[PDB]
Structures are given as structure tokens and as C-alpha cells.
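Form deposited in one PDB entry, single chain, as C-alpha cells, below.
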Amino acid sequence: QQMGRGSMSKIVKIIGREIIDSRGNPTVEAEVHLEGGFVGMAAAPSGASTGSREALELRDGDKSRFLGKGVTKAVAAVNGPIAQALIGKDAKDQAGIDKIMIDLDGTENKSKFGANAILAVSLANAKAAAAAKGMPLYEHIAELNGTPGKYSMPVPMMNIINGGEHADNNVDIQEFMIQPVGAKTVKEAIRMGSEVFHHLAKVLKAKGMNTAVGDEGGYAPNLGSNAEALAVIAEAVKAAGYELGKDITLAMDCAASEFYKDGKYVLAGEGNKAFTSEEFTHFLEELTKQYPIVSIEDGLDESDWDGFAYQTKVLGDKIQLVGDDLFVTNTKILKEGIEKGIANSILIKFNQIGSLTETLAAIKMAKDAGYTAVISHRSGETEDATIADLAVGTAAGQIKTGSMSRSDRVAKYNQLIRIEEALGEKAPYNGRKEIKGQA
């Protein structure tokens, strides 16, 4: 006979604003306010403004503000037509909310309003709805995901050493990452990661090398080869008291598009040797024998589907093979990859697809096919820690959200801490069995 305020979940006000990301570039933040008084606030990390296969964030291109990277247009979209089309809709109907935005932008790649406008409102909606339902976001997400009460704390792959285009060094591989698979909780995992990271700083200082950090919070020291990169990591893991293999495994992102040139893969820091697809695969395979590298991301160019079919054949039974640039969080590409035996894992970048509902759909397609889904950060992040709730609420099982420095990264580890505290063993931390290719 009385209606609680929780039931007044119609949207009455949406606000957008230009805030700053962790590289100092603008991004969009939205607030969704419901009739009952509930508020959700979320921000989109940085994305791509150009590209033929993914959703595009909208940038102003005004040279007199932020070197052309203002997001006043995306923000005006949130404040004007997005808001106007969502006022009076039920925030609890996440899929209806996202559909209205998707249909109103009217393009395939969200370029009218920007994936940045649309994601920010999608997630702020979701938080506002969570609040109206009387529940934390990870619980709402699990409900929206069709998996109520089903949770896991994800195994993190933590950036530690950078190379390629992300460093002045002679390391070809773009990043090396550690995964604390022997931890029994995410809180333990985070601590092991921190300990290794601090021991690596000591290793690097003793070699006369720089310990300043890149975008993701890891080190980009002047290492002489791929081998020296892996050696300093092994040395730091041992100095922290852990055992490579059993406690900590390695993951990499080759970004192999960056060294692809005339159908060959060319590695500056191995004498400028050229490799065919296949020879590059054998090169990577040789690294997996010397070091317990269990996950390899973008190990060939996004166009090299014949080569990815080969690599997946050779390495796929024992090694997680993660499509980042391969799939760009695009389910039409993932679908076809699945049908053709291409990779066995996908990096999920929610602003590359641009709405919460579509993100859940991408994670589900992965999971139904036996692929793993790794929830990912971007280069430009914010304070916002929504990807932690996403990973728990979908039981994704893995996350890639940075080194253990910079609060753009660490706010996510902290949120995973707060989540596990509340959930305990209702969110098990499963360790190496999350990783495709293990048992």
C-alpha cells in the first residue's frame, strides 16, 4: 500500500561534463538522476576517434583547446538529445536505455554522439539503477547479465615492463605482464603484484636504469633485448620470494601490427630479423619454453587470419591467445573468429563497443564458445573503477588494469579489494584455471 522510493526509477535529469583523464586529455563524465533521488556517476576512459571496425569516441578537433582533444561536443550530446530521449525511462531496463541511445545516435560506430558520450551515460544509468535496487553495482550487473548471485574475483595480468612503441628501448614486445596465479584471494594477488613491482624497481636501480613509469604504471627502462626484459622480471619475482611457474606466470602483448611490413614480421631488437607468420609463431613458442608465458595477446597482425589460424593450431592447446586489435570488442568479428578457429580469448574494452548491454553480449559470446574474456583498461583511464564491478558481476575470470602504480590503475585493485571483502568465498579467486590452456 506504500511505494518505496526504490520504485521511482524513472530518469529525471542527466548531466554531462568534460573532466580529465590520466594522460591529461579530456574525457566525458555523466550523472543520471532518478525521480526517487538516486544518482549514478561514471566516466568513459579514452578510446579511438578514427577506425573502421570499432565504436568511435567524438573529439572536438579545436586546435585552441587541449590540442584538438576537447570533448565539448560529446558532452553537449549527453546534456541535450541523450538526456531528452532518456527523461522518463526506467533506469532498471538497461537494455532499453542503451537501445534508445544506440538508435538515436543512428550510426553503426556511435560517431554522431561519440562512444564516449554513450558509454558514460550507459554506466551512470547502471549505477543509478543499482542504487534504486538497493544493491552494489557488481550485484546489479550479475542480474542484468542473466547470472544472479554468480561471481568470481578475476586473475589480474599486471603490466610490469614495456617495449615496442611504448618505450625507448630495444625490446620489441609491447608489454610483459605478471599474473599472481598462486594467490588464494584477489587481496593476496594484489599484494604479490605490489611486492614484485617494488623488487623490480630495486633490480632496475642496481642496473643503472630508469624507474619512472608509463601510462599503465609499469617501467620502460632501456633494456637491450626481449631476453633481458624477461630476465629482470624473473629476478624480481625471485627477490620477492616467489617461484616463477607456480606462484606467478607471465603474459605478453606483442602488438605485432607494429612490426608487420610487407607480409613479414620485422624485429629491430633481434638484429632486424624478418619472420614469416609461422616463423614468428615459432619465435613466440621458443619464449614459452624458456619462461612460463601462458598468455599472448595480438601475437600477429589483425589482418593475418591465416597466420592466426596457424598460431592457434600450434600454441592454442597450451597458451591463451588474446585478440585485442584482432577483434576490437566487435562481436561480428569475434563470431567469425570463433567459426574459423581464430584465437581463444578476447580483450574486452567497454568503450570500444560503447554500451553496458553490448559489453555483456560480447562477454557472453566469448564464454559460450569456450573463449576467455579479459576485462581491460585503456591508456587514458580515470578514478572510475567500473571495470572491477564488471569483471566480478560477469565472472569474467581475468582483468588487465595496469601495474601496481598510479591510481588510474590502482583504484581498480582497491575496488576489487572492497568487493572481495563483502563477498568472501561467494566470489572465489580461481587462479590458473581461469587462463585458457591450463588445467
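Between two forms, the rigid core is the largest collection of C-alphas that superpose within 1.5 Å. The first residue of the sequence shown is number 1, and the count goes up from there.
Missing here is the form deposited in another entry; even so, the following discussion is about that form.
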{"item": "Moved residue between this form and the one not shown - picked from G182, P136, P81, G269, where its Cα shifts 2 angstroms or more relative to the rigid core", "value": "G269"}
{"item": "Threshold 2 Å Cα movement between this form and the one not shown at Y151, rigid core reference", "value": "no"}
{"item": "Flag for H166, CA shift 2 Å or larger between this form and the one not shown after aligning core", "value": "yes"}
{"item": "Rigid core superposed: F259 CA moves 2 Å or more between this form and the one not shown", "value": "yes"}
{"item": "Cα distance between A48 and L119, which in that other deposited form differs by 3 Å or more from this form, closer or farther", "value": "farther"}
{"item": "Direction of C-alpha distance change in that other deposited form, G24 to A167 (at least 3 Å)", "value": "closer"}
